[PDB]
C-alpha cells in the first residue's frame, strides 16, 4: 500500500511538468496564425481558396471552416483577418434554401454579424459568407477566393 503512495506522488510531478510545458507550447503554437477563444481555436492557412476547396481543407484536417457563434468568437476570428488583411470564408451557406443560412450540420444560425444591407444575394448568386477586416459579414459568391480559416 505504501508502494502506491510513491507512484501517485511521482505521477503528480510528471503531470505538473507536462501541464507547465504544454501551457508554454500553446502560446508558441498559435503564434502568429491562431487564436484561442473559450474552448475553440481558429487557425489560418495563410492563403486564399474558393469555398469548396477551403471547406475540404478544414474537414480533411479534422476541423471545419470558421463558424463564430458569439461576439467573442467573431472578434477572435476578426484578429486573424486583420492580421492577414484578407477577408475569410465562414462555414455557413444558403445553398440549400436561398435566404436561409445554415451551418454544415443544417442548423440555423445562433449568431450573425451582417454588414448593413446584407445578405443581398448580389447578381442572384451569393451563397457563401465572408467576414471582413471590420468583423462584419457579407454574402459572397462561393467561387471567389478568400482566406482559409479553420476551427478546431
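Positions refer to the first chain, counted from 1. Between two forms, the rigid core is defined as the largest C-alpha subset superposing within 1.5 Å.
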RMS CA shift, core-fitted in 9 other deposited structures of this protein, bigger for 7-15 or for 131-139:
7-15
When the C-alpha temperature factors are averaged for each of 87-95 and 106-114, which stretch ends up with the higher value in the entry?
106-114
Comparing 124-132 with 12-20, where is the mean C-alpha B-factor higher?
12-20
Max C-alpha B-factor within the set 44, 35, 67, 60 falls on 60
Splitting the chain's C-alpha B-factors into thirds, which one does residue 74 fall into?
lowest
By the record's CA B-factor, is residue 54 among the lowest, middle or highest third of residues in the chain?
middle
